[PDB]
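Trainee: Encoded as structure tokens, here's the structure I'll be asking about.
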Amino acid sequence: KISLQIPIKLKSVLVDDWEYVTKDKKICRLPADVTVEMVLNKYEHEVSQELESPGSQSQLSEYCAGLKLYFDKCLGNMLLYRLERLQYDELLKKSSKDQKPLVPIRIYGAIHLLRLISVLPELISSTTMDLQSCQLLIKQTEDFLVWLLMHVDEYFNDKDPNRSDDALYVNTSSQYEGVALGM
Amino acid sequence: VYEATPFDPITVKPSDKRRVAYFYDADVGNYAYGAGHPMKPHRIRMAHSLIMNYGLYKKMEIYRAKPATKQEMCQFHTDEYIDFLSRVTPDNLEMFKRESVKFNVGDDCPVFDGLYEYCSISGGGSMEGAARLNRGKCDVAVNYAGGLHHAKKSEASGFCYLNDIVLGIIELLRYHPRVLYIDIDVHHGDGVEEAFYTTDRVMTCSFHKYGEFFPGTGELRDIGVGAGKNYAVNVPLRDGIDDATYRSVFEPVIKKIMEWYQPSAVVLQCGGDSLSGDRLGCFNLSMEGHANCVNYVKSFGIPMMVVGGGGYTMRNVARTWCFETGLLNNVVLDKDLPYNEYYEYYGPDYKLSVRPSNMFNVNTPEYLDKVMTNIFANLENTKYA
Amino acid sequence: XXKXX
Amino acid sequence: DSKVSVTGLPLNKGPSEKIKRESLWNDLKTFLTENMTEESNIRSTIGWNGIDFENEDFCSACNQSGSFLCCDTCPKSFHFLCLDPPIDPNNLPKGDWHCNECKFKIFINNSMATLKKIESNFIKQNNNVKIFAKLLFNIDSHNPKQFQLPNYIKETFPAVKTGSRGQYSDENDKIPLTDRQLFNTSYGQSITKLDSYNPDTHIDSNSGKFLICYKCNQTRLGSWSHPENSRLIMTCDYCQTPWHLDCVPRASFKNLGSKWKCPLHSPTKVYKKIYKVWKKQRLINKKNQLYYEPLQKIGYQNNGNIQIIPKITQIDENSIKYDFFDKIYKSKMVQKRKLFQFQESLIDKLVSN
Amino acid sequence: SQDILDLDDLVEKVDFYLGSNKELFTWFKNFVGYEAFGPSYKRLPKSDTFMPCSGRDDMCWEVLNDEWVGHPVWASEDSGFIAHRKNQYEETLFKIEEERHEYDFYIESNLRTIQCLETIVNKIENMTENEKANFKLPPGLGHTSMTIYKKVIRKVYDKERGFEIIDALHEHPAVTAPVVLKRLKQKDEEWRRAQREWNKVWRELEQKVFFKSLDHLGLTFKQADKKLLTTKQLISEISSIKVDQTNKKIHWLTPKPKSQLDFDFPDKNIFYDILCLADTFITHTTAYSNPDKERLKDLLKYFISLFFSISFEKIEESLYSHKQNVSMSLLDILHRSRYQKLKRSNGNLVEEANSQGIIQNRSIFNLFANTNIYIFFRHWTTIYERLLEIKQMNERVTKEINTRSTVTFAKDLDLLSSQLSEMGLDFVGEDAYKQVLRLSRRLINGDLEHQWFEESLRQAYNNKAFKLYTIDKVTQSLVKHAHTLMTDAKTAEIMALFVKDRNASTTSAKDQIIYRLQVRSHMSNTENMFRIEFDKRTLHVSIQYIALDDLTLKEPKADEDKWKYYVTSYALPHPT
Ligand SMILES: [K+]
Ligand SMILES: [K+]
Ligand SMILES: [Zn+2]
Ligand SMILES: [Zn+2]
Ligand SMILES: [Zn+2]
Ligand SMILES: [Zn+2]
Ligand SMILES: [Zn+2]
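Residue numbers (the deposited numbering), protein chains in the order written: chain C, 219 to 401; chain B, 2 to 386; chain H, 17 to 21; chain E, 105 to 130, 166 to 189, 255 to 478, 489 to 524, 538 to 580; chain A, 693 to 726, 749 to 1041, 1063 to 1081, 1118 to 1347.
Below you can see the structure in the form of structure tokens.
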């Protein structure tokens, strides 16, 4: 079995997100203002100047590229609640209409990256990796988590969709809830 | 600021003689929602028979408004919802399983037969009724097939598929600056309050039962947003309210509204599920405690538009509507019913009266004090019409 | 919920 | 025509003897209308023209009920939006629909030596991200799922419980009503709305004395030779303080949705309107909630997340007293000197004329 | 204090803590220096408010609302909407109306299409074979509706054949209109005959349950009246009033509230009514022997003659005028040996406090009682208040019932139920109160069923006179308590003290204290005590619950009276 340590502030962020998409009937505002690509690019471009040895930089770049590929391939499969699959279908439709394939890393924000991170240990323990490689992945993810906790005040604000504007969440109508959940 | 009052009988005003117009389509009664659903357009037929056997046809003009078109319906609702309503039928329903869940038209509101035609009759009657009030050419306009105050812009709720009160008020707004809409159903008029929630040209005022009751909207603190703040009045009450209590709550609020808002036209939704012995309501009004509201709204003397509504027992609603129309024509009708086609529904007394129960009334004077004080404090900010 | 049927 | 209607029998049939036994003791003027109605089309808009197994009864992904697209090989069934990618319910491809797992099996021909082959080649190709190689290979063998937080995340907060269908609940859910299945049966007209019987709703259940409303300081039990003097006492769900329905201007008994909360709890969310948000955390129990007792008392700020003793800051009534008095005193004197300086500036500006 | 809460929000919160204290809340106000605001609506983004909505002009976008949304699934918190109860007889009425509506719907639709087919047939026969061969009907048959005749013909004609017959009617009506008209005719007459045969049974069933459906408080009264008319409830009421008085007079600014209960008896004949009812019950019942019967009768008679100071001669003349139309002291009975022999013979401080304030021609009398006497008196007041309610409705209800405008058009057609009348239970122009009393006497005698008594009392008055359904059980309990007041020894001694004091013509505070000590001598130190005070000039009664350390008289308002009373109580060696 594998174990990952997540700061309790990000755990409360995840529980808040679970409360919203569930009995508050909110979805996320897409396309996000800060997407997964932007977060990972800023992280890598800020950390690559930190340590000098080339091996650290190679490992960092490989981890970021793999995280991008894996989020792309995993988002629709396992990372969406049941209310948010109608949104996924509408995005897929309006993408296929414009002859362009959907690329989820340029649309979805940091809360879905946090979902992927939190669910990573079970996906790791379900494969047949080494043990050195599992612990290397867990180390890289814990470093990313502490970096992200340092910036948590920049990506995870609370702004009340019902009050002013431009919060990270939006309210759903009864037609969306009728076709999404009760269909 | 509530104070208890008795209930003195109804005496018509001899000065206020109004040229009433009555809208009835002889086809509306033949469309039945289902076997055992509590909605009957038959109660509109019954009523009419009474109205015709008392001799009330010699007193007013009787019309048959030409029915609404799919593009006068879409003045409020959306094209997709109206297209669904026009196309669906009880046989091809299995082919529309994704719009039956989006638009909510499967089981609480079923698909039965000639649904589009019932909606057309309702909407045409009410838009036409309101259009004759603007052309200078009536004073009251009665249309009992309307009053579907639950339907939303793209959804049906509460046995209502088309919101025709909103179409009528839109038709009224073309000539009148301010319009008032009073709702004395036992439910909340949520569709009419939603459609005009941010505007200061329509003022909605609804007296309803609040609790764990359908539709669960309409608290004392829902007063509007935007430019239409303080222009929405919700009066929530408890079970078993009676005639004297309802009168002492109804008359001061409406007098204050008329003094500060100063509407140019009224729309009174007189649905009769707030009567005694109903299938869904929980109030304890009688016939005269229900027609006193209509008489008081008629007192002020501005263009008026009376529409139907709920009502789950057919005989109570029929008799109350007949009595209300009679007193709109400045007569108090006899209490002995005449021989008509549906004479046997009105047993065992065969009289024009609806009896209350000995149900227990739970609306205390201090609760109504608090409610009316809050309402008047709010209304203080709508004065300069 | 809703209104009866 | 012989088919029974609501009445119990065919329509062209009178009542049976059983019904008439158990139900017994032993020109008009609307002929008109087609003569008086004349159509109205006075409206403004008249210009407008106008192994023979069966599939499961629940979705394999969300584990809920509905209309499923089913798989023939395996007994799985999925909603239409619960697939990857979601399928349009109208334009459904007929022919043989298989899921992801059975398609993977038929692709590898149920041969895992070929699985060795393809996975080795795959890991050789994805040399750029070699850490995520095997992971990137397993994702293609799984039927879709929905997201549910791992249980090592939900159990950090003990006031949080997974609902029936994997929904959020946070101790403010009252409970579902169990003997309100017993309520559909009921005791006759002895209602769950609490009407007609309030002698024993004003009496403390365990101790035996009366529940005294907090605002008016009376238990208006009335007298049940005059039941119009009772006043419908109700107790808060958190502090158990009793209130009359006419004192907290409510007109209902909270029975279904959430717990009713007395006016005597502070906030749990603020909206300062200056606009900013919460000063209240979550309850991180599991005995990882660590407390701090600051060595300075009259200036510490630290949160709105205090705990009052005779990260959570431990504070006492004396420091709260001092902080309140200090804040109001200094705000008083500051606003007074501001008005003083404004008015004296006004006087030198006016005498300047 | 930490700049998270605004000032007016703080004051509004403190209003829920110190609201009822005026001094403290005003001091706080003066020392502290003093968006969806509705719970039902949500704001959608301005990306869901873009739907075609063809017919909307420029004013309909300005006026109508497209952003804020409510719905009865998240206003119910996803689980809600309780419904009203609707007792059984209402359900019986609902099912009758459903059957009625079904029959009327089918009949009326069949005729709406029958008239159209009639006119098209009488127009279609007038042609030569040429036009008949070329004739066809448009979709709608020249009427305003398009679905009525379709529904009718499909219901009548086995929907498959209904479809082929309707499209044949649309194609060539020269041959198919007659047979469809004939079938519609015959099924119309069949359904109508069945409908009248069903209309008889519906009328009688509805005649039995209409009035029973309309009383929601009388169907549950005989079981709510034996649970709520016990001793514990009658004591809990006065206890709660007492604790309310004390707990709220802790608020110093309010004036002192006086004794707990107050009753008034404006009518003096209801006493003879209750005496007649109790006498009927005693003469019927078999629980007591004849000695016990006459002792109970005389006890009740002289108790009501004593407490309310009604002369025995007036009582006898009242029962004279009563019963001719239907065609020593109480202590003599208290220590029953008396009645059996009877009917077998057939310094400066205390002194000047005592000197001024002597009440001569006493009008306010006191009775110190235990629970027995209190419960007996409360049963008496209950019967009195109920009879007084109906006696005050009397004149209006009799004027209503004697002028019932029964239409003979419903008299002849068997449309009115005479089943209540032929047995003599309808209140014909007799008096209403006297008829109620006679019916209750027959019910107590056991010669009238309960169902017919309740039905009479529904129809005659309204569902407003339901409190008389238990008029026999309250009298049962009254006579039982009146027997308790003469079986016990302690209560016998208490009533003897009451007789001796009431017969006395003059008293003072000293004698009141002596009498209270005397009556408390008999009952234990854990017993409750009540003061029942009768004011004769207005016929008023006040009941005061005595906490063992109570001021045995009502609280005065002056220093003089209060302190001189307790310092003259200082004269006796009993504790202060
Ligand atoms: K209403
Ligand atoms: K408004
Ligand atoms: Zn309604
Ligand atoms: Zn599913
Ligand atoms: Zn499969
Ligand atoms: Zn209170
Ligand atoms: Zn509380």
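Every residue, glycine too, gets a C-beta built ideally from N, C-alpha and C.
Rounded to a whole number of angstroms, what is the C-alpha to C-alpha distance between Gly392 of chain E and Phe925 of chain A?
Mentor: Locating residue 392 of chain E in the fourth sequence gives position 188, counting from the first residue. Locating residue 925 of chain A in the fifth sequence gives position 211, counting from the first residue. Cα to Cα, the separation comes out at about 19 Å.
Trainee: Going by DSSP in three states, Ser953 of chain A sits in which element: helix, strand or coil?
Mentor: Within the fifth sequence, numbered from 1, the residue matching residue 953 of chain A stands at position 239. Reduced to three states, the DSSP call for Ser953 of chain A is helix.
Trainee: Rounding to the nearest angstrom, what Cα-Cα distance links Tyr986 of chain A and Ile1161 of chain A in this structure?
Mentor: As a first step, residue 986 of chain A is located in the fifth sequence; it is residue number 272 there, counting from the start. As a first step, residue 1161 of chain A is located in the fifth sequence; it is residue number 390 there, counting from the start. Using only the alpha carbons, I get a separation of about 16 Å.
Trainee: Using only the alpha-carbon positions, how far apart do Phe457 of chain E and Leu398 of chain E sit?
Mentor: Numbered from its first residue, the fourth sequence carries residue 457 of chain E at position 253. Numbered from its first residue, the fourth sequence carries residue 398 of chain E at position 194. Approximately 8 Å between the Cα atoms of the pair.
Trainee: Applying a beta-carbon distance threshold of less than 7 Å, which residues of chain B neighbour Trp187 of chain E?
Mentor: By one-based count along the fourth sequence, residue 187 of chain E stands at place 48. Under the 7 Å cutoff, chain B gives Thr70, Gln72 and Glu73.
Trainee: Using 6 Å as the cut-off, classify the Cβ of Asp1185 of chain A as near or not near the heavy atoms of ligand 1, replying yes or no.
Mentor: Start at 1 with the first residue of the fifth sequence, and residue 1185 of chain A comes out as number 414. Answer for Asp1185 of chain A: no, Cβ out of range of ligand 1.
Trainee: In whole angstroms, give me the CA-to-CA distance for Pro272 of chain C and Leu278 of chain C.
Mentor: If you number the first sequence from 1, residue 272 of chain C lands on position 54. If you number the first sequence from 1, residue 278 of chain C lands on position 60. Spanning the two alpha carbons is a distance of roughly 10 Å.
Trainee: Report the partner residues of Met306 of chain B according to the DSSP bridge assignment.
Mentor: Start at 1 with the first residue of the second sequence, and residue 306 of chain B comes out as number 305. Beta-bridge pairing links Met306 of chain B to B:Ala142.
Trainee: Starting from the N-terminal end, write out each residue whose C-beta falls within a distance shorter than 5 Å of any non-hydrogen atom of ligand 4.
Mentor: Cβ-based neighbours of ligand 4 within the cut-off: E:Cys263, E:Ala265, E:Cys266, E:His283 and E:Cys286.
Trainee: Only counting runs of 4 or more residues, tell me where the alpha helix (DSSP H) segments fall wholly within the region 1198-1268 of chain A, in order along the chain.
Mentor: Counting only runs of 4 or more, we get 1203-1216, 1221-1231 and 1244-1258.
Trainee: Counting only beta-carbon separations shorter than 7 Å, does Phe215 of chain B have a partner in chain H?
Mentor: The sequence position of residue 215 of chain B within the second sequence is 214, counting from 1. With 7 Å as the cut-off, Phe215 of chain B counts as an interface residue toward chain H.
Trainee: Which residues bound the alpha helix (DSSP H) around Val233 of chain C?
Mentor: Taking the first sequence and counting its residues from 1, one reaches residue 233 of chain C at position 15. Unbroken alpha helix (DSSP H) run through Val233 of chain C: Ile226 to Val239.
Trainee: Going by alpha carbons, who is nearest to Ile512 of chain E out of E:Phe552, E:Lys122 and E:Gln495?
Mentor: Counting from one through the fourth sequence, the residue named residue 512 of chain E turns up at place 298. Answer by Cα proximity: E:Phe552.
Trainee: What residues in its chain sit with their C-beta under 6 Å from that of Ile810 of chain A, if we drop five residues either side in the sequence?
Mentor: Here residue 810 of chain A is taken as the residue at index 96 of the fifth sequence, counted from 1. Counting only Cβ-Cβ distances below 6 Å, and skipping sequence neighbours, we find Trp916 and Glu920.
Trainee: Check the Cβ-Cβ distances between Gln329 of chain E and every residue of chain C, and say whether any is below 7 Å.
Mentor: The count along the fourth sequence starts at 1 and reaches residue 329 of chain E at position 125. Not one chain C Cβ lies under 7 Å of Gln329 of chain E.
Trainee: If you follow the alpha helix (DSSP H) that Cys275 of chain E is in, where does it begin and where does it stop?
Mentor: Within the fourth sequence, residue 275 of chain E is the residue found at index 71, counting from 1. Run containing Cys275 of chain E: none; DSSP gives neither H nor E here.
Trainee: Compute the Euclidean distance between the alpha carbons of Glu213 of chain B and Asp698 of chain A, then round it to the nearest angstrom.
Mentor: Residue mapping note: residue 213 of chain B aligns to position 212 of the second sequence, counting from 1. Residue mapping note: residue 698 of chain A aligns to position 6 of the fifth sequence, counting from 1. One C-alpha to the other measures close to 33 Å.
Trainee: Give me the Cβ distance between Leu468 of chain E and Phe708 of chain A, rounded to the nearest whole Å; I'm assuming they're in contact under 8 Å.
Mentor: To locate residue 468 of chain E, count along the fourth sequence from 1; it is residue 264. To locate residue 708 of chain A, count along the fifth sequence from 1; it is residue 16. 6 Å between Cβ atoms; contact.
Trainee: Cβ-heavy atom distance between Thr472 of chain E and ligand 7 below 6 Å?
Mentor: For the purposes of this step, residue 472 of chain E is identified with residue 268 of the fourth sequence, where counting begins at 1. No, the beta carbon of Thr472 of chain E sits no closer than 6 Å to any heavy atom of ligand 7.
Trainee: In the structure shown, what three-state DSSP assignment does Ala363 of chain E receive?
Mentor: What you label residue 363 of chain E is simply residue 159 of the fourth sequence in a count that begins at 1. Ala363 of chain E falls in the coil class under three-state DSSP.
Trainee: With distances taken from CA atoms, which of A:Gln937, A:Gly769, A:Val1245 and A:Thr1153 is nearest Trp187 of chain E?
Mentor: Position 48 of the fourth sequence, counted from the start, is the residue given in the question as residue 187 of chain E. Ranking A:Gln937, A:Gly769, A:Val1245 and A:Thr1153 by Cα distance to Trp187 of chain E puts A:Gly769 first.
Trainee: May I have the straight-line CA-CA distance separating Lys1261 of chain A from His1254 of chain A, to the nearest angstrom?
Mentor: As a working mapping, residue 1261 of chain A is identified with position 490 in the fifth sequence. As a working mapping, residue 1254 of chain A is identified with position 483 in the fifth sequence. Straight-line Cα distance between these residues: approximately 14 Å.
Trainee: For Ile335 of chain C, name the three-state secondary structure that DSSP assigns.
Mentor: Sequence index remark: in the first sequence, residue 335 of chain C carries index 117 (1-based). Three-state DSSP puts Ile335 of chain C in a helix.
Trainee: So is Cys282 of chain C buried or exposed if we call it buried at 16+ other beta carbons inside 10 Å?
Mentor: Translated into the one-based positions of the first sequence, residue 282 of chain C becomes position 64. Buried: at least 16 other Cβ atoms inside 10 Å.
Trainee: What does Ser382 of chain C reach in chain B if we use C-beta pairs closer than 9 Å?
Mentor: Taking the first residue of the first sequence as position 1, residue 382 of chain C is located at position 164. Here the premise fails: no neighbours, minimum Cβ distance about 13 Å.
Trainee: Check whether the region 1183-1195 of chain A touches the region 973-993 of chain A, counting contact only when three or more Cβ pairs, one atom from each stretch, lie closer than 8 Å.
Mentor: Judged by Cβ distances under 8 Å, the region 1183-1195 of chain A makes no contact with the region 973-993 of chain A, as fewer than three pairs qualify.
Trainee: Give the secondary structure of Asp240 of chain B by DSSP, where H, G and I count as helix, E and B as strand, and everything else as coil.
Mentor: Residue numbering aside, residue 240 of chain B sits at position 239 when the second sequence is read from its first letter. Residue state, collapsed to three classes: coil.
Trainee: Confirm the yes/no value for this check: CB of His302 of chain E, any heavy atom of ligand 5, distance under 6 Å.
Mentor: For this step, residue 302 of chain E is matched to residue 98 along the fourth sequence. Flag set: Cβ of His302 of chain E near ligand 5.
Trainee: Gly229 of chain B: beta carbon under 6 Å from a heavy atom of ligand 2?
Mentor: Within the second sequence, residue 229 of chain B is the residue found at index 228, counting from 1. Yes, ligand 2 has a heavy atom inside 6 Å of this Cβ.
Trainee: Any contact of the region 1005-1025 of chain A with the region 1243-1259 of chain A, i.e. 3+ C-beta pairs under 8 Å?
Mentor: Output reads yes: the region 1243-1259 of chain A touches the region 1005-1025 of chain A.
Trainee: Return helix, strand or coil for residue 472 of chain B, following the three-state DSSP convention.
Mentor: A query on residue 472 of chain B cannot be resolved here, the shown segment of chain B reaching from 2 to 386 and no further.
Trainee: Within the 7 Å Cβ cut-off, does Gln393 of chain C reach chain B?
Mentor: The residue you call residue 393 of chain C lines up with position 175 of the first sequence. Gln393 of chain C counts as touching chain B.
Trainee: Could you tell me which of A:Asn1233, A:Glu1030 and A:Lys873 sits nearest to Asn1165 of chain A, measuring between CA atoms?
Mentor: The sequence position of residue 1165 of chain A within the fifth sequence is 394, counting from 1. Measuring from the Cα of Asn1165 of chain A, the nearest candidate turns out to be A:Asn1233.
Trainee: Note down, in chain order, all residues in the region 276-296 of chain E with a beta-carbon under 7 Å from any beta-carbon belonging to chain C.
Mentor: Listed in sequence order: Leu285, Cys286, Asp288, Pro289 and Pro290.
Trainee: From what residue to what residue does the alpha helix (DSSP H) around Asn402 of chain E run?
Mentor: Here residue 402 of chain E refers to the residue found at position 198 of the fourth sequence. Here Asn402 of chain E belongs to no alpha helix (DSSP H), and DSSP marks it neither H nor E.
Trainee: On the criterion of 16 or more Cβ atoms from any shown chain inside 10 Å, does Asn313 of chain E qualify as buried, or is it exposed?
Mentor: Residue mapping note: residue 313 of chain E aligns to position 109 of the fourth sequence, counting from 1. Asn313 of chain E comes out exposed.
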